[PDB]
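Asker: Next one to model:
(chains A, B, C, D, E, F, G, H, I and J)
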Amino acid sequence: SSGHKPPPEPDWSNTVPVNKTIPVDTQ
Amino acid sequence: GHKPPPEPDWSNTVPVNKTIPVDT
Amino acid sequence: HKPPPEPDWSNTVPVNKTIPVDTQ
Amino acid sequence: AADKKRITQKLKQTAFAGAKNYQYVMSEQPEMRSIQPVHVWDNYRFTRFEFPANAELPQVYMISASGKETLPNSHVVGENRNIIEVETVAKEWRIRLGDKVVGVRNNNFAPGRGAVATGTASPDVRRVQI
Amino acid sequence: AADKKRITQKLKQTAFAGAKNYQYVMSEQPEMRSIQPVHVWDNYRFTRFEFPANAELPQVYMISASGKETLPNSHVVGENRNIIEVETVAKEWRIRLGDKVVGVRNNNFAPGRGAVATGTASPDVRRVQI
Amino acid sequence: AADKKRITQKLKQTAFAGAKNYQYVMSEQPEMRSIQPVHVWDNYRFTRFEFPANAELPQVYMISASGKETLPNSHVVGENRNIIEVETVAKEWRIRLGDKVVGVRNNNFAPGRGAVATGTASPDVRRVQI
Amino acid sequence: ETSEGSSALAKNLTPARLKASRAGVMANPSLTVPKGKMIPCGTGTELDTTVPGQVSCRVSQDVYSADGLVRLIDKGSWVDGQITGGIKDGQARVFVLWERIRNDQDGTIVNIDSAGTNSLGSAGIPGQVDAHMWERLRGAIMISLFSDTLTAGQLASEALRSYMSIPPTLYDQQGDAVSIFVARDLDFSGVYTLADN
Amino acid sequence: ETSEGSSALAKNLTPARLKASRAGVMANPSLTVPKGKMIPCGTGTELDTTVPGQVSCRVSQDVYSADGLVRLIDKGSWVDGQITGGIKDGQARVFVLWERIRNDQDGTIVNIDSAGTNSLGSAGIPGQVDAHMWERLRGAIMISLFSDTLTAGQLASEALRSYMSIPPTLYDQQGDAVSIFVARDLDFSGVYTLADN
Amino acid sequence: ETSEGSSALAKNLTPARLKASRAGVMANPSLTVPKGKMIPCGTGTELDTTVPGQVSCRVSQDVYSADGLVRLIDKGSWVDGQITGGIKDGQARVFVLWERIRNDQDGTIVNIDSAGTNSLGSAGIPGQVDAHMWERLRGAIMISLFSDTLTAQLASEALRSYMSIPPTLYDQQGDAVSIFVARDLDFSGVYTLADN
Amino acid sequence: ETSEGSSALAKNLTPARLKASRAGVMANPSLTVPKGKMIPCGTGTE
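Answerer: Numbers count the residues shown, from 1 in each chain, chains lettered A, B, ... in the order given. I have put the structure below:
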């Protein structure tokens, strides 16, 4: 039982904008 | 080793609500 | 023990693209 | 007041309020009928699992955002103690007792809908910091 | 004064102030939608990761100047406790819960822009050494 | 006096005074940009390493007269805490954070120039033995 | 001088009487998070049991009162806890003491002093085991390699002794989905109250 | 003379009752760095666990108050700490006690007495291990090489004993990116206050 | 007679509460050399850990106050220290206690009672190791050479004898070396400030 | 009955605070041979 496998890494094959709409700061 | 509890078989999947529930 | 990396100087470049100012 | 604590408490004991979702499906296996629910539905906040009035209560697990089956919190409601109201909403669920399992899937999981910002389960009672 | 402490506190509870940046992209993998954010943006000082109102909060990590994934500091904002405001800004991010991960990249990381020299998160409140 | 201690202190808080040297070059490796300085310059006494306002502060080391890389003493200046003023001057430097490294070379190292015999960093304040 | 056999039997026929127990009622069910509820959490800190230390996680989802009607442990709260011992061979999970919940919107703090679990509530955070076999074996291996090259049990018994002196260690990634079993009633009476609307 | 079996069982049915716990509220959330927050640091001093001694690092980025609104631990601050023991075989990281943060712009000092970590929060500073195998083996090797050149049970067991008497040591380069888990609430109330603007 | 299992678990659920800590402010930052600063030094005396004794070094470059504004430990000052223990197998550096700094222009003295280091700040002065293998082996070697010539245990006794003599460390005179200031050093009573 | 592990860790987080030190000045520097100076010598006795 050697070591430790690190957490997953994202797959970027398909990369995409986060903001489908513009967020608002409610203060 | 430790075997996990059963998983459902979905071959036949079916609606839950044969009628509409009411909140009393 | 392996020491920390050393810079690669193949491409050496001026630091100051503009002249800094002392704001004191 | 003691009378005020009573009114607020009753008021609150009423909210599973809100637009409801009924869009639930389940695995159908004859060996598992003994723990099947009669109704599953939600509020977009809490989820109700309803079992026959005198049936034994099985236990319910959620599939979390993390992908793992997870133990949620929940309380029973009803005169017959046959409705498990889970304090949470989710895409997918497991109903278990012993080696019996029923898969229950929510066909309209819409996190993002249905929040209340009240500090309680109710739109009409609010948590206040003393 | 107690009333002065209250005004300053409210004033301050308002700054994520300043020119905003919305230029963020993310990996898109269907297994990982359950922890995808609805918005990510910044102030050039702090970065907001917004999730659906009732979604479980995943955890967020930053890729530091050093090249390493790093645990930053952050607090939640919003009526629905669904926005993670990280006390820092960065070229690259990871969102994680269990074995789900979503990469998030800042296409306009401009350290150098957007500092405030006030000692608080706000341009309008300042930290004063007694 | 308390007012005298305050004037002397302010006066002193102003010397990085003196003819300046800007003749610095650095290794340029794209993997190391995240810790590169925007400016490096000196006084012939102290050396300033200036980083973008909201960048993470990397650490700085000097190549001593002995030939060895060496940990010097240094404090940060600026409203943005983004300038490291090393309390010494040197032919050569390393900037390091994690496994990132930037070599910085001084093309006009002139020990011998720029000393002040005042007992302080400033030409205008002097250390006095009580 | 009564018979020993007789006494021993008389003794074994004499039970410890258990005390009956009286039911009562919980005082503030709308303002209490009671024993046995789960607080789902996502770890902030990575975890490695090589050196005792501290851990954090942030509450993943709201947790409501004993009756399910009042939100008391808020999503986004930070929890600080400690991992102060390590693991033994045959273990793939470690005891974790979660100490305080701190709501960062609000300032509400409570010492929960409760044990960390799985997502399904069993004891200890699961992790990845590093058995350190090579380090636990290299001495004996190297030595015997001479003994062998010296040619063309007690060492072995000493080896196993040395093998047992170094423990395996446990790792678990940052951001893991994990839970807390509430060990004791958590009373929010002195902090929250209720009002319409 | 009640039955021993019976008593053992009655005892095992008698739990230790845990005390309920009362929530409260944190006093100065805008002027406190609370438990569990991370102070990212870059090491000034190189580190070598051969001889116990001291370490420094300089805070890498600002750390804000409990509510995120006030900058309290300033980027650029120096932290002094100590590494007073070493590593054992099967370990590649070491316990680090960070003692005080000193703001060199300002003079604010606070004794954080907190444990160093990774960038991702796990306990102890990772480093590069030197197992000192040669020094741990050369005696036996040399000796047996004669015993063999006499080819031309307990030595080996003595060897392993000697092998265990010297520890591996850990090194970590200067300028490493590393972190500090704040162990205890840090109250800046007596030092900073707030004003517009 | 409450359950032992139950008690053991309750006890493991009861943490030692850590006290909060209050920030304060340093009294004379322009007149103090604070913990953590480095004093770069060049050793006067050669060093050899065979016999416990003393070391000296001369401050290589000025060291300024907490805020960087006042020169406090002057270049050219002499530091006297001690090396009172040796090295073990598996070590190539030794603990060094620097005791007093003495400015020979001025007379200022301060007991720094601080640990010597590398130029990069890690603990102990590095040096060159002499393992004394021959001396640690010659007995057994000589003896067994008869045993060999006799026939044409001891080994376990050998290793025992092998461990009774330590390696020793040497470091050349004039080495570039440092001191980690262990405790705040207050010059308040010795120096003051004036223009100009 | 607080946790042993918890105590052990709390104890390891509690440093021995070192006392600050005050500089002074040497009384008779022209009439003192101070620590650290060397006296070169030629042995008389074997």
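Asker: Please tell me how far the closest residue to residue D:90 other than its chain neighbours sits from residue E:52.
Answerer: Nearest residue to residue D:90, sequence neighbours excluded (C-beta to C-beta, 6 or more residues apart in numbering or on different chains): residue D:62, at 4.5 Å. From N, CA and C alone the C-beta is placed, and that goes for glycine too. Distance of residue D:62 to residue E:52, given as C-beta to C-beta, to the nearest Å: 16 Å.
Asker: Looking at these two, which is more packed in?
Answerer: Between residue D:62 and residue E:52, counting by other C-beta atoms under 10 Å in any protein chain shown, residue D:62 is the more crowded of the two (26 against 18).
Asker: give me the residue from chain D nearest chain C.
Answerer: Taking C-beta to the nearest C-beta as the measure, the point where chain D comes nearest chain C is residue D:66, at 37.1 Å.
Asker: Need the three-state assignment for that residue.
Answerer: coil (DSSP: H, G, I helix; E, B strand; the rest coil).
Asker: about what we covered before: so the residue nearest to residue D:90 lies in a strand, does it not?
Answerer: Yes. Residue D:62 sits within a strand when classified using three-state DSSP.
Asker: rewinding a little: tell me how many other residues surround the residue of chain D closest to chain C.
Answerer: Applying other C-beta under 10 Å, I find that residue D:66 has 24 neighbouring residues.
Asker: buried sites along stretch D:68-84?
Answerer: The neighbour-count check on stretch D:68-84 (16 or more other C-beta atoms under 10 Å in any protein chain shown) flags D:68, D:69, D:70, D:71, D:72, D:73, D:74, D:75, D:77, D:82, D:83, D:84 as buried.
Asker: Whether the host helix or strand of residue G:71 contacts chain D - can you check?
Answerer: Using DSSP states H and E, residue G:71 maps to strand G:71-73. Yes. Using C-beta under 8 Å from any C-beta of the partner chain, strand G:71-73 reaches chain D at residue G:71.
Asker: Quick one: list the elements packing against that strand.
Answerer: If you count contacts as 3 or more C-beta pairs under 8 Å, 6 or more residues apart in numbering or on different chains; DSSP states H and E, strand G:71-73 packs onto strand G:32-33, strand G:63-64.
Asker: what's near enough to touch the residue lying closest to residue G:86 once chain neighbours are set aside?
Answerer: Spatial nearest neighbour of residue G:86, chain neighbours left out: residue G:49 (4.2 Å); criterion: C-beta to C-beta, 6+ apart. Each residue near residue G:49 by C-beta atoms under 8 Å, 6 or more residues apart in numbering or on different chains is listed here: G:83, G:85, G:86, G:87, G:94, G:127, G:169, G:170, G:171.
Asker: Most widely separated two among those residues?
Answerer: The widest separation within these, taken as C-beta to C-beta, falls between G:85 and G:171 and amounts to 15.3 Å.
Asker: Can you list the buried residues in stretch G:115-132?
Answerer: So, applying 16+ other C-beta under 10 Å, buried residues of stretch G:115-132: G:115-119, G:124-132.
Asker: Can you give me the distance of the residue nearest to residue G:86 to residue J:21?
Answerer: For residue G:49 relative to residue J:21 (C-beta to C-beta), the value is 40 Å.
Asker: Chain E versus the residue positioned nearest the centre of chain A, what's the distance?
Answerer: Centroid check for chain A by C-alpha atoms, centre = their mean gives residue A:10 as the closest residue, at 6.8 Å. According to C-beta to the nearest C-beta, to the nearest Å, residue A:10 stands 3 Å off from chain E.
Asker: Residue G:61 and residue E:53 touch, don't they?
Answerer: No. With contact taken as C-beta atoms under 8 Å, residue G:61 and residue E:53 are classed as non-touching, separated by 11.9 Å.
Asker: Between these two, which is the more surrounded one?
Answerer: Higher neighbour count among residue G:61 and residue E:53: residue G:61, with 28 against 22, using other C-beta under 10 Å.
Asker: which residues touch that one?
Answerer: D:88, E:56, E:57, G:40, G:75.
Asker: what about it, which helix or strand?
Answerer: Under the criterion of DSSP H and E, residue G:61 resides outside all helices and strands.
Asker: Leaving out chain neighbours, which residue sits closest to residue G:47?
Answerer: Spatially, and ignoring its direct neighbours in sequence, residue G:47 is nearest to residue G:172 (4.4 Å; C-beta to C-beta, 6+ apart).
Asker: and chain A, which residues reach chain G?
Answerer: Contact residues, chain A versus chain G (C-beta under 8 Å from any C-beta): A:1, A:2, A:3, A:4, A:5, A:6, A:7.
Asker: among the residues you listed, which ones are buried?
Answerer: residue A:7.
Asker: Show me which helix runs longest in chain G.
Answerer: Ranked by residue count and defined by DSSP state H, the top helix of chain G is helix G:133-149.
Asker: Just checking it against chain A, any contact.
Answerer: Yes. Judged by C-beta under 8 Å from any C-beta, helix G:133-149 comes into contact with chain A through G:133, G:134.
Asker: which residues sit in contact with the closest residue to residue D:17 other than its chain neighbours?
Answerer: For residue D:17, ignoring the flanking residues on the chain, the nearest one in space by C-beta to C-beta, 6+ apart is residue D:123 at 5.7 Å. Residue D:123 is in contact with D:15, D:17, D:18, D:116, G:197, counting by C-beta under 8 Å, 6+ apart.
Asker: what about residue G:80, distance to chain E?
Answerer: Applying C-beta to the nearest C-beta, the value for residue G:80 to chain E is 13 Å.
Asker: That residue: helix or strand, and which one exactly?
Answerer: Following DSSP H and E, one finds residue G:80 within strand G:78-83.
Asker: Flag every residue of chain D that's near chain H.
Answerer: Counting by C-beta under 8 Å from any C-beta, chain D comes close to chain H at residue D:129.
Asker: Contacts only, for the residue in chain D that chain F sits nearest to.
Answerer: Closest residue of chain D to chain F, C-beta to the nearest C-beta: residue D:66 (29.4 Å). Counting by C-beta under 8 Å, 6+ apart, residue D:66 makes contact with E:34, E:35, E:56, E:58, E:97, E:98, E:99, E:100, G:42, G:119, G:177.
Asker: so what's the closest residue in space to it that isn't next to it in sequence up against?
Answerer: Of all residues not flanking residue D:66 in the chain, residue E:98 sits nearest, at 3.1 Å (C-beta to C-beta, 6+ apart). Counting by C-beta under 8 Å, 6+ apart, residue E:98 touches D:64, D:66, D:67, D:68, G:175, G:176, G:177.
Asker: Most neighbours among these, which one is it?
Answerer: Counting neighbours by other C-beta under 10 Å, residue G:175 comes out on top of these with 31 neighbours.
Asker: Many thanks, have a good one.
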